[PDB]
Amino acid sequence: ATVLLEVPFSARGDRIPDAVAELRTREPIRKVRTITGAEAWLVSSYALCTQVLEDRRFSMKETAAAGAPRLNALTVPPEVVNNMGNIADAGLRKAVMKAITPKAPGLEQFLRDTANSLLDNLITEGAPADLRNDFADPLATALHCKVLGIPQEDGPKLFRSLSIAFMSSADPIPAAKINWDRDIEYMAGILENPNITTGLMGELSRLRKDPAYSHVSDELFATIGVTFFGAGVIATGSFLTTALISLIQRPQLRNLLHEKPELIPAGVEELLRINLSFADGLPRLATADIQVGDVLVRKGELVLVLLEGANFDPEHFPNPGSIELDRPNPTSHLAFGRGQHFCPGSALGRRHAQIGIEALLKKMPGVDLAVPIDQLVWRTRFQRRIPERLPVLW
């Protein structure tokens, strides 16, 4: 007597379990139990992952429905699960997306200056250094403050919400609501602050007083600030941290990208493809009975789209575990998802990683782990896989 297979499989973000490939081959859609005790369908082939992400009848919004089978507990108000739908409905899609491109004047230069300052401090303090807490995360935090138009000194307090806000918990989290409410109040104050004129919040502050947006709520404007800060900072910090691990573990690649920095974009795209940063499949609730591979998923059932399932699928990406900078299908991975909820910050995420790596490779060409890789402590019950500390020497 064995229990139903439980998800997630491993919080380790440095290697994929051999079990993923076995499952994809045997049962590319199959029943699993989530941390709440709910049943769900885990989808692990590129073909089936794409089918689900491209069929809106597998709804993100309806995962928030009272009484649904859940992957994990809500850490935001239920209506906030539909944030992107709400933005679109408010007429704000074009504005939000424009404010979060890496193309703003001075943005990339700020990013580079910031990376280089962070690295200089590490070099001045001497090895070992923690590349997550003292490089990747502060770089992500600095970036999002600039993107939002808010003071750099406000970033740390907002950042500290995230170890709780992006938990993957069986039960509601009291601290999540405390920090949510506090952070909403902060962003509402930002909208009332006359000195905030640049970035996303500067633009939202203007649109709020524009008669063309009079009936959009102050709640929605504040919510955009909190949601985009948290989602970008957690994604970019976590991705860059684990991409640095993949790089450090491949000294031939580290050396190449160091010698030929113009291959960094192709390197980063492959680091994206192999990245294990998402701790859980992407959740969707079926709004109809829908055939997916051999399974007829029924209305009301939860589906989990396993990104590394898709991204390591040999049918789509031959020699899936190898970093190859010349694949004929290099951006066709699902690291930023697909379909209606495709990542709105994908360009900014790419550029954060490219610039961080370029800067690290230049300042620390000798960068290597300062501890055996097995000594990394992987964060558990969290929506990302990340090492608590990333000790390096150089």
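So that there is no doubt, residue numbering starts at 1 and follows the sequence shown.
Averaged over Cα atoms, the B-factor as recorded in the entry is higher for 3-11 than for the other of 384-392 and 3-11. For the pair 66-74 and 350-358, the record assigns the higher mean C-alpha temperature factor to 350-358. Out of 92, 129, 279, 164, it is 92 whose C-alpha atom has the highest B-factor in the PDB entry. When the C-alpha B-factors of 237, 230, 300, 293 are ranked from the entry, the top spot goes to 293. The entry lists a Cα temperature factor for residue 137 that places it in the middle third of the chain's modelled residues. Among the modelled residues of its chain, residue 205 has a C-alpha B-factor that falls in the middle third according to the deposited record.
For residue 33, the recorded CA temperature factor ranks within the lowest third of the chain's modelled residues. Sort the chain's modelled residues by C-alpha temperature factor and residue 110 lands in the highest third, per the entry. Per the deposited record, the Cα B-factor of residue 217 falls in the highest third when ranked against the other modelled residues of its chain.
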